[PDB]
Each structure stands twice: as structure tokens, then as C-alpha cells.
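Coordinate analysis (summary)
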Amino acid sequence: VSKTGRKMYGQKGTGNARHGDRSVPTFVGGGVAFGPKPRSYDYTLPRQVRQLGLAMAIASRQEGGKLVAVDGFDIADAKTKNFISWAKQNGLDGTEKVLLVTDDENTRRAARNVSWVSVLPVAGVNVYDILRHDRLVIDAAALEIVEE
Amino acid sequence: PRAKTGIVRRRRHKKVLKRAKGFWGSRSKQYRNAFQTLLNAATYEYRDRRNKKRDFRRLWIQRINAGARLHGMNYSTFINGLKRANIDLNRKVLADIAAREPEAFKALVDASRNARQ
Amino acid sequence: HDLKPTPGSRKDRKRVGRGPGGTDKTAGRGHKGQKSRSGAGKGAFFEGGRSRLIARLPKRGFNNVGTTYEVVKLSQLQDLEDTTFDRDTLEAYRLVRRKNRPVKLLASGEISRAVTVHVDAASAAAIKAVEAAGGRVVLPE
Amino acid sequence: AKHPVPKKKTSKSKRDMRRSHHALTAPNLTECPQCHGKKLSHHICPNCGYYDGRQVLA
RNA sequence: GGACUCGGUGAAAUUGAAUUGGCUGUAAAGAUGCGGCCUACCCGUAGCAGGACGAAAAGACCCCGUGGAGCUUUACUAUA
RNA sequence: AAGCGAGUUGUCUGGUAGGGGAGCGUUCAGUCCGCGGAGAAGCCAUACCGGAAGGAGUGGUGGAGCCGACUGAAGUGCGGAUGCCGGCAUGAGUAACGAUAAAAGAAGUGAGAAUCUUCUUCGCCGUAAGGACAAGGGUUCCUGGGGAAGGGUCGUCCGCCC
RNA sequence: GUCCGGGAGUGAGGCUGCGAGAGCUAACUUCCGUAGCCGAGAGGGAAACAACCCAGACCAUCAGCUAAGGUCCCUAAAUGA
RNA sequence: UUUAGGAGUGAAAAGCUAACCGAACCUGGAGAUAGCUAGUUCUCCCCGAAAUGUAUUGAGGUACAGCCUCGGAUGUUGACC
RNA sequence: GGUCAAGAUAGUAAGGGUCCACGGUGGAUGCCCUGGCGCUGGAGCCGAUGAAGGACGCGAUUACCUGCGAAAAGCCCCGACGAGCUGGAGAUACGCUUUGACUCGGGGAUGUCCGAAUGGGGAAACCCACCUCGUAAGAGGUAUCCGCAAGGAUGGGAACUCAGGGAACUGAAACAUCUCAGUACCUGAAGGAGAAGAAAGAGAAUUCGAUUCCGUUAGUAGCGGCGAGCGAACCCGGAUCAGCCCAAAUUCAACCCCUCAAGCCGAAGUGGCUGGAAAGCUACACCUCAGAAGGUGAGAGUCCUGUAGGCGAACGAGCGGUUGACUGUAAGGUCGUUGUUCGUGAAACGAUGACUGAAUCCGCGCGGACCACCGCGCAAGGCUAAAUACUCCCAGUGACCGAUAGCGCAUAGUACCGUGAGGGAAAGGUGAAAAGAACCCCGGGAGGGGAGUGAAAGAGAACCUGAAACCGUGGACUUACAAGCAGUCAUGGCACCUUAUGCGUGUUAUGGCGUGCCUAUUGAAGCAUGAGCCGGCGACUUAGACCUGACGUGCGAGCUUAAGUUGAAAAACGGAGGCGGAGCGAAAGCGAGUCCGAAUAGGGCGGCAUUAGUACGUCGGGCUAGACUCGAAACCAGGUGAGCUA
């Protein structure tokens, strides 16, 4: 990587030169030759175990809260305030983590934190978010538990 | 990646420097005459609490040899007098005890001396 | 809370088996001469054995081009209760529908039942089976 | 041209017992003829400037 | 004029480590820490070479090395 | 719900290339309710336990964070490669101050003055170790000024430095 | 008694016994095989000292005996017959 | 001040090209590659060797086999008497 | 008590050692906004109305840098926004304010020697002629190429295509065909796109059109000192599945979905302690499509810059949409050989060295030489944007480093090494903030006192914490009459008793004796070698369906690539496709059985007292690569002085 001259002092004289250019991880100020090249991560993961492996994450996680719903009915348009506050009719505003899915992208983006909840929706399933929020609650009346 | 162990390799040298005893000059915080002198303190040190019997063996073979010769005594050609009582068995340590009461061979002389016929 | 424990949400669930081993990095642990430094280990490129001997000697027999080798349909669980999904077009489950290179016949004998096939074959193997199972003659090419 | 190099050294152990066969002679012997106290090894003040009579000067 | 009184500066080649005397013997036989024996009050500096298998580049005299370079001969052969 | 043995007999040998096998812990990442101001992390030392490696008791000091169990990743660990740099070294206070082509002193100064300065005496070169032109250094020359350092003593002298 | 496989080693030893080979039966010289030994473990005996007489170990006890070696001493053990 | 690298200079020594030219230096082609050889890092529980033979422009090079560990196995085939 | 006496043996130890306290120039960890690596998405040079970058150039000083050199920190204008002061010796001062000082967004300008610069000289900062001007002084400028009579162009470039381009250490265990390959280097071109790309074509069932890339095959056919080895077409994806060129479109502009810097607002409460206001203990509401990094002495949503909501002109590009000033349809071949996968020979096909310019249309080019029949294409010149492959800049983004770590640069590639192109450092850090400090002392001063500063000055004006060989002193203890680098225990010996508990802590005359470690060694303990120490670097691994195999799992009829759609995960969709699969046989082909020929007797197989499996991961060895690193003199391309000897 250094890219420098060639040739050297008296490789075989004076005091054991051990010279001849600089191609070893000895001299301080260069590299070490061979090691971590960029890498692009090459794995496929079996495409079978996915629409059931998830079901297996419901083995004893069944206790996890789950149900059927549509955003909110006891509200009007969208403005996130007493809408999320509705999540008090069960102690869901500081006791767990809350899973989120839905099918709307117009009112499903108003809760991004560092330690609180997560949010990324695509209206489907995701192992990436199946333990993240302790009470798994999908429910959308559009893309619910459908095996589809 | 990365580690930088330019501080962790201190307690290592010390975890063995435990034996910084009275060696020589300053072989207690040396860094030469430590992790070497330790390799010196790495010999029969392992067997320096068992093999020692040989050293203290060089005790009762001067006392047990022929102490009160005013009897008969022989020790060597007399051990067949020891194991000539009813249930002799035991031997040393009782030699270490022999250093106390001198009457450890009063009526324990000719009570094995001619215990043949 | 947090008095005398350590966790608070499973994931700590270990497993019931293993998979990896011990691994090695070659030239390790601060010891071992290991293997022979003379050429081997590094590069080498040519195999780690002798050379190109006992390869020579034979007079060599050509003819290795693709031509044709066929496979088989095993013949055992097809001429019984099997009805219709084995023509020379829909049969593509164990690489059959792949045209061009023939599939001959090759079947046993006796036969206590029958079926139907879009055959396109007339091998001399399944001569003891080519009608017993059933299904025309029709030679193609 | 080099004559047998250093090799072996002589740090501690030795280099200790070398400040005794010389050191400094240790003195404090005399303290001037009469007034104050200088004198040296037989040699007049600069104080009163004298071993017993007129000499030197304050 | 240098070796000795005194003021300042004082490095390099090198090197595991010195409670660093010897014999005769022993050891891959050239042992001072080994054997067995004898022996010195410890230290400083001047001076001397037997001494550490003296120092320096891992002999370059040589051999091993399916090493290199260099010159020559009709060596196999390219070639202006 | 990941497999575990006393009761016992032989083996439990010591092991160089090797086989099956356990870990101490640091950096990256998961969950961080967290652990720290009485202050943890940086470090210095005290006879609990551990198969070894190491984990433990407390202050000291230090100044803002830091690691944990279930987990995977990482340039995961010789003092030791006559290595390389950075620093301390010792040869050691000896050999040496430079071509052995003499110098004493009065006095200026001031911090003391032997090598500055005003100067009578001495001597070496003077086809020189003169002065100008040639190359060079570029700041030499001055009005002079201060020691941190250098001029291999140092100094109140430099053409050091302004 | 009984093979298939992931992977070794590094090919250049020494000695006493067993007998010859080159040999003034000379040589920890050299060739060979056969037990052991040291290349991978310590001792007593052997003055200490790889194959020699006895003996190869789990860590700890200042508990016992056997073989060699010794029964005058420097450091064990009857100048007992 | 042109000559220069595989050329010139040259009193021939096989001397020199800028303190080593057996064919300059520097940036660059590849690290000449290496059976040579220095080394290749923390602490371990049970097992274990070859310098014998065959191969070699082949020898302290290397291949394999008896020779080690492990998965499976060998329902009577072990060695001693 | 005493005369004498030896015996017994006692302290000091100049100096040192076992142990602690107090310590250095040096200094790592914990740790720090810029400084390094891999990257997404865009953008992607100016060009005699002359560029990269240097030289010498202004502020009451100017030297390393901002701009600019004399109209040198900057000017027309519109405009942001601000109203105060122009970058490090932050520069005291000097000076300007709230209808434009202060910083600036874009279209312009004074623009010094060199760069193409080119008047001449021609060794960057420097010397000359000759014509226009003109109060006696001095002002306008001088160089080659192509339509030629002006002018237009050539400059320097870090990675993208070819072309003139061409060796070579290595391997084959050495070793001229060869692998490296057409690679190092030289030279020519333009855009940031050129290069192949619409044809005398690939395929092969009696099909299919424009290049390339990767996906799968084929890692097959071939090649080949027949050796390592290089390696298409047959079936596959998308970006793209779009027209025309030599002899019968482009140019100024209005409007524009739309980009480019100055810039506009942008959310929502606080008290008490150990203490530096604690965001830690506690308490309650408000802000929500916007709750990534960060500064202000202790991690803050109610102190603030982003994020969601959206704006900005004068100048211009930039990806443009209807249209105005233009007119959008005139050669095979032989012989010698380079390539191609084809080392060239059992083979057409690119083309060259001298020879043949035939065919001339149901004539002509080939299917790997030729015969016969088919298939397709026709001398004759180019354009084709889109993806494939690139990485100077502008936001943003990653299980990295940490200022000998990382590029050598966290403001140096300073000085320079110097014979020449050409080689180069080492080095960071005080707390939020210097408040980096008046006031009496020794002294020349450096350096040190008081005492504030300082929340905290064992930070400390060459500065965090601050371990260490060497190095600074004393002390409880022993020691010169005792012998071996060292050892461990061993009775004693002075000390201490963080638990009277005849028990221990800091230790030593001396005793058994006893020879170091690394580590290439049959082999030693060696004088066999490596080693003064400290701090780090400390290597068979990394990508590769390269493969075999343990375990867990997927399936028993099994498992997927290429990216197309989603897109801060995905993913099903996907049989390109290969491996397993009856086999044997040179293969053909054969066949559940098989090569022999004159064929119950034999080796392998479906078979079989039978796994027919396969994919992911860490992993046994190996593999394509230097890929365990380093140490060799020698071969080469280019380039540099010969002021050394000549």
C-alpha cells in the first residue's frame, strides 16, 4: 500500500541489515499485508423457514399481547396526542414496548426514539421485529394474520 | 477489531511477581531478575515440601542410632527388636516425640532386647 | 427492582446443541514448527502430492463429447395408480421435460396394472414393459 | 579496528563498593589562630588575616 | 608530550546473568557455577596480557544449494 | 427444559508432529430496569476461591462513565523475531580539549575574573597562516545589546539570539 | 482376531547385549538386524555423568517396608560372629 | 562541453561512470523465490513415533506403508500355555 | 571486691544488601470536535475577453497560510443577512453602526516572472530592437499549425476504452514452445464518455435480428517439453427488447416539472442535597408526521443549531416541456505468420510479406480442410445515447483506527539526504474558562518564596492520570573471614504482634546439594546459538457453489443464480442450472443387469441381510493467490547528473 522506492543499503554488511526495500509488518508507519478487504456479506438463508420460524417465535411468546384492530375509532383525523393516549385503556404508555404494523402511511409515523419504540412499516411480517416489542400486535384489517 | 494492550500487560508481570521476596539487589521490582529468577524459583519448588523428608531424615539416624548406649543399643541391627513387640507398626514422628521424655526406653529396652528366646 | 438478579428479558435462551469447532489460523499459539516450510503451505498451486505420473502410459481413449447418456424414471411407482401428469411435456419434476437428449424406456416386466404416457421412446430395455403398462408405439426420431 | 567489545556489564552489586577507598578524606581539623575560624592546612585567615601576626586584609 | 593533583564535557563497537580462585578429573573430552580437594581480610587505582572458545559481517578458503552474476569454447541453440 | 455420578477396580502413564476437550479477558454488537459522587472507570497493594490462566476483600489516587449475564464477531495475549523507532543505558568518569607554531601583568568592568578591554615588554608566519579578483555560503560588517543553547571547560567575546 | 477415513512426524541417531562385514577382531569409525535405553519422564548405585543392578509416579503427610547400594567418619546404616 | 548503461573512458587492471560496477543510480516490473533459515503470541485434561523399505537429475528434499488420535466395525477369528 | 588468665564472644561496617516512604528527561491505558478506511446519491475542468501551480508581493510587523501584487483581505449590480471591526504574534491601537460599515450568493475586473505565454536572452523572479503616442519624458506590440488574406487551435492533469505498445524474477520443483501477456514504460485522442454495438450474423427441430457486463453452463470442447496450464458456442436476467449513414438536423429565446451556494422561521416546566449549576434520588404538565451527532464547568425535549412544513431575487447552468428566428427526407488464395480457447497443425474465420482485382445474382460468404445437399447473409462507410466498467468534488451514510495508532500530512511530507532524478521526519491533549498571575527575598538570569487567581493549580505558563530496567535517601534486620551465576526448603537470627491464643507477619549466618531460558539441535547444563531493559508490531489467513468431513436442522422424491417489483430487513415470484442419479462400456450403445464371442464361468452394477438424499454454519486436510512475513548480491522500462579518476 505504501508505494515507495526499491533497492536498499548494504543488505549484507555492517550490522545484519535485513534490508532490501520495505515489505514487512516491521517498520512502523505502514500496513501489514493481507487482511480485511471491503467484503459484501454473502449468505442466502433458507427461504423455507420464515413463514413458520416466525410462528415458532410464538412458541411461549403466545402470552405476548396480540389482537385485531384499526388505528383508532374514538378519534377523528390524525394529530397523535390522545390517539396514542388511548393506549392507556390497557396500560400501554410505559409498561412494555408495543409492536406496530398497520396499513396506512399517512398516519403511522410519529414515534421515533432512542430507547422507546421503533416503527418501520411495509404492512407485512418481519423477524427483525418479532421480539423487539414484547407484545406482538399486527392487526390492520388489510394485511392481518393472513398466511398470504 | 482492535485491542491495544499497552496497559493490560502489567498485571500479568505482577500476577507472578508475587514472589518478589528477598532475592538480590532489587529483585522485587526488577524486570529481568524477576521473570527469570521466578523461572529460577521454578524448579524443585514444586516438590520442596515433600522431598524435604530426605532432609529431616538426616535427623533420626544420629539420635535413633545410639543415644543412651548405657543400655545396649544398635538401632540398625535392633529394628528387629522394634517389630518384636505385640503390635509395633508405627515408627517415626514418635522419634520426634522421643525428643521429650527420656523414659521412652526404660522398660522399653529389655522388652525387645532379648525378645527372641 | 434490580436487587438480586441479572437479566430481565429472555434471549438468554441458550440452545440444545452445537455447530462450530475449534478452528485454527495456521502458525499459531506461539509454538509449533508445524508442517514443512519448504514450498508447502504458502502458494504451492500445483497439488500437494507427487506430479503428473501414472497418468501417462495409457494409449488414451477419445470420445467424451456430450452426445447422450440419458437418466431413468426408476420404473416402480408409475405404472400402478398413476393416471395423468406424465406426458413428455408436463413431466418436469426430475428433469424430464428437458427435450433434445432422449429418455429411452427401461422398465421391468410382469405388470399387473396399466397407465398412459406421451412416450416418445422405444428402447429395448423396457421390452418386458412397453405395452403391459400401456401406451401406443409411435416412433419419433 | 575494534578490541573485544563490552558484552558483560557492571551495573549494581558492584559500583557500590567504590565510594570508600577514596570518597573524600573527611576533614574539620583546625579553626584559625585566634579570631573566628578558617585556617586551612597551615594557612592564614582572610578574616583577621593572621597565623599570629600581621598579614592579609579584611 | 601522554601514565598521577583539579575544574567541564565523556560517546561509540557490544552484551543473559557474576558471592569472576585453582587443581586434577569429568563433560559432544578447551569446565572458573560439575565432581573431590586446597585456599583468600574486603575494597580502590596504576600497569600487564594467559583468559572468557577476544570483538566485527551468521568464513565470502571449501562442500552442500536442480543460487546469481561475470568470461571464454565448435558446449544445445537463437540472433543483428 | 442444554445430561450428570458418588459406592468400586484396572487405567488416571510424564510427554516431543498430533487427536477429543475447558476456559481468563479486552475490543464490536443485543437487551440496558442498569452499575458510579459515599465518585466507578487509570492505577498501587493485603495468607478467599479457582485444573492453570485468573475471578475476590480495601484503600490509595484519579477524574469523568462503565461494563454484565445467554450471544456472535476481532489486527484475542511470547520479555524474548541478534528485529525497528522512542527513552533509560553502561564502556566512567578514566583516553581525550585538536596539529607542543612560548607568555607575564598593570589597568577597564563587575557577579567573582586566567584566557575581553587602554597597553610596555615575547615569539610563530610573513611566496604566509597578507590584501584584491574566481566558486561558494547569503548574512557576513556594524550602533550595540541577554546566557536558555551552541563555540566539545566556561566566561560579562560571536559573525548565537534583537 | 476385524477394515474406510480428517489429519502426523521428519528421515540425517547412540549405546550395552547378539555376530559378521572395511579392520594391526582397533575406533561413543563405519553396514546390518534383534531387547532396552536417551530424540518424548526424576533417583539410589554409579564421586556428579543418555542405554548399567533396582525402579517409571493424581496433588498433598517431617507414617511403614522392600532392591540396589551400605553397616568408621565428612552426610544413613553391626570394625557382629 | 558532447560521450551513458549494457555504451563510453581507458597506459589493458578486466581498472571507472560520481567513495564497491564481474555491466551506475533513482521511481517503477514481483516480495527473485525459496524445499535455506530466525521466529510464528495466555493458561490446558486422557493417548502417541520413524534416520526401517520401496521412489527420485533423489538424498539432513519430498511420497507412501508398518508406526498416533478419533467415527463406524470386526456376535467368537485373539495372543500365552 | 580485687591480682592473673584464657575460654565465650559482643557494637561500629567507610560503602552495600532483604522491606517501605518520597522521585526523574521518558511514558501507555481510560479518553478527545477536526486527521485516516470501505460507501450510497448526484455532480463531473477553464481553454490568446489565456489554465494547474509556484516565485518574489498589502494592513503603523509580515515570515508558514485567507484574498488578492499594486484598484493585493478586496470593487458594478441584484441579494442574503447583519449593523458592528477585517485569518494563525487570537495582534493593543487605529477606524467605520443602526436607508447598507461587517460576512457574502452570482453573471463581470485590476491580474506581476514562469506555464502554450511565444518579441528577442532565455540558467521562474532578469538584459535588446523596431512602429503607432508626443508639453524636452514616454504611451499602443511583435510565435507555429489548418478553410489561408484575418482568424481558430496546441496547456497542465490523480482512476474510465483502444491504439503505436512490450520485456521480465517466477512455475513446470532446474531447464529456449509456455504461465505472467500483452503486464511495467513510452507515446495519440475527446467527453467526462469514448470503445464493440443495425451485419457477406449466432443457432440448429425444417430457429433467432441491433454491443457489453455479470447471473448459470462450461469451470465442458480444445489446447498442450500432450506438462502446470488457458478456456467459447449449445438453454438462461436486466439495463436494452428503437432508426439511419459516402456516387443512381443544428443554432439565439419566452415560458419550466427542476436543480446551485449568503440565507428565513422550526417545537414543548422547575425546585432541594453530596456538590462545579447534577439531566442521579423526587415530583407533576406540556411538544409529537418533525424526539440522529453536538456546545455552554456534573449524560438537558421546555438555551440552541438539525429533522417534519415549506420559501429566495439579480447571473447562469442544469434533466427540460409548446413554440419564434432554421427548411427534419443521398476482397477469397498460396508460402511465411499475429489473434481468436486453440503453443499453429488432422481444420474454414481478423489480417500482412510478393504475387492474383475473379465473381459480377437463382452469381456470390461460410457451417469448423473437401464431396453432395441445406441454412443464412451479400462488395461497398459510419451514427446509435440507456445499462457494463470509472471515481477529482457537494450532502449523507459504516459490528474501524486513534494522533511512531491511521496515508508520510489531526496544519511539516520544516530543515533537508544530496552526485542526480529521487528518500524523509519525529511530534498531538490545561480546566468549561486561563483568569497563563500586582505585591518584599538569593540571583546576572534561568529556577525557586509569600498570596489572590484556582469549586478542584500533588492542571500548573514544553501542562491529565502517570506503571518501569537504570536512577534519589533513610531506616527495623543481617554481612567481609566467607567463597559458586541462581535456586527451594531448612533450626537459628532483628523486627510485628489489621484476632495473650509459646501462634506470624519484613528476613539471614548457614545446610542438600543443586548449572540458566529461548530454542535450528540424535545429542549438553554448557563455551552451541539469540538475548541490557523498557513500550508495540508478533503472520497458513482473507473472497472464492475451490472440496472432503463432526454436529444441529431442511426436506425423502431434494436443494437454487442472475436482481425485477418492494426497499432503514425482507420477500415470496424464479427449474439458467448442476449435484444426487442403475450401471457398464473407448464409446457407440447397451441395459435393470454387464465388457468377452462362438459366451452358468468371471471383476463391477440396478443390485444389495438397500440411506436414493441434499442444503447453511463454524469447523480435519487440501486449493485458485505473495496471501505465514521478512534477508540477499541479479534480469528490465524509464528517467539523473559525469563539477569523481578520464
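Residues numbered from 1 in each chain as written, not as in the entry; some residues may be left out. Chains lettered and ligands numbered in written order. Part of a larger assembly, values for the part shown. Heavy atoms only, no water.

Per the deposited record, X-ray crystallography is how this structure was determined, to a resolution of 11.5 Å.

Looking at the PDB entry, one finds chain B named 50S ribosomal protein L20 and attributed to Escherichia coli. This deposition appears in the PDB under the title "Crystal structure of five 70s ribosomes from Escherichia Coli in complex with protein Y".

Identification of chain A as 50S ribosomal protein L4 from Escherichia coli is taken from the PDB entry.

This next bit is on the overall build of chain B. On a plain count of helices and strands, chain B comes out with three helices and zero strands. From first element to last, N terminus to C terminus, chain B shows the α and β order α-α-α. Relative to the globule expectation of 13 Å for 117 residues, the C-alpha radius of gyration of chain B, 26 Å, shows a markedly less compact shape. In chain B, buried positions account for 10% of the 117 residues. Taking as baseline every contact in chain B between residues at least 6 positions apart, the subset at least 24 positions apart corresponds to 46%. Across chain B, 32 positive and 8 negative side-chain charges occur, with their mean positions spaced 17 Å apart. (Helix = DSSP H or I, 4+ residues; strand = E, 2+ residues; numbered from the N terminus. Rg over C-alpha atoms; globule rule 2.2 N^0.38 Å. Buried < 20%, exposed > 50% of the residue type's maximum accessible area, 1.4 Å probe, protein only. Contact = heavy atoms within 4.5 Å. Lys, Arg positive; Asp, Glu negative; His and termini not counted. Charge placed at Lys NZ, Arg CZ, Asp CG, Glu CD.)

Attention now moves to the overall build of chain A. Looking only at helices and strands, chain A features one helix and zero strands. Taken over the C-alpha trace, chain A has a radius of gyration of 29 Å; the compact-globule value for 148 residues is 15 Å, which it surpasses by more than 25%. Structurally, chain A occupies a C-alpha span of about 90 × 35 × 25 Å along its principal axes. Residues classed as buried in chain A amount to 13% of the 148 residues present.

Close to RNA strand H lie 19 residues; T4(A), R6(A), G30(C), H31(C) and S38(C) are nearest. Sugar and phosphate atoms represent 64% of those atoms of RNA strand H found within 4 Å of the protein. Taking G39(C), its main chain carries an N or O atom lying 2.7 Å from a sugar or linking oxygen of RNA strand H. Its residues assigned to classes, the surface near RNA strand H comprises one nonpolar, nine polar and nine charged. (Near = heavy atom within 4 Å. Polar contact = N/O pair within 3.5 Å; in protein donor to acceptor, adjacent residues only side chain to side chain. Nonpolar A, V, L, I, M, F, W, Y, C, P; charged D, E, K, R; others polar.)

Attention shifts here to the protein's contact with RNA strand E. The immediate surroundings of RNA strand E are formed by 17 residues, with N16(A), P4(D), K7(D), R18(D) and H21(D) found nearest. Put simply, 61% of the atoms of RNA strand E that lie within 4 Å of the protein are in sugar or phosphate. A distance of 3.2 Å separates a sugar or linking oxygen of RNA strand E from a polar atom in the backbone of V5(D). Contact distances for RNA strand E include 2.8 Å between a base nitrogen and a side-chain N or O atom of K8(D). Grouping the constituent residues of the surface near RNA strand E by class yields four nonpolar, six polar and seven charged.

Scanning the model with the defined rule gives five salt bridges over all chains in all. Across the salt bridge formed by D134(A) and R135(A), the nearest N and O atoms sit 2.8 Å from each other. Judged by relative accessible area, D134(A) falls into the buried class, the value being 19%. One salt bridge connects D88(C) with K99(C), and the closest N-O pair in it is separated by 2.8 Å. Linked through salt bridges whose partners overlap, the residues forming this network are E96(A), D134(A) and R135(A). (Salt bridge = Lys/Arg side-chain N within 4 Å of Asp/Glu carboxyl O.)

A separate point is the packing of aromatic side chains. Tallied over the entire structure, the rule returns zero aromatic pairs over all chains. Sitting over the face of the ring of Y128(A), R132(A) holds its NZ or CZ atom 4.2 Å from the ring centroid. (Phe/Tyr/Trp six-rings, centres within 6.5 Å; stacked < 30°, edge-to-face > 60°. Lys NZ or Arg CZ within 6 Å of the ring centre and 35° of its normal.)

Further remarks concern the arrangement of the chains. Separating chain A from chain B is a minimum C-alpha gap of 10 Å, and the two share no contact. With respect to C-alpha atoms, chain C approaches chain D no nearer than 29 Å, and the pair has no contact.

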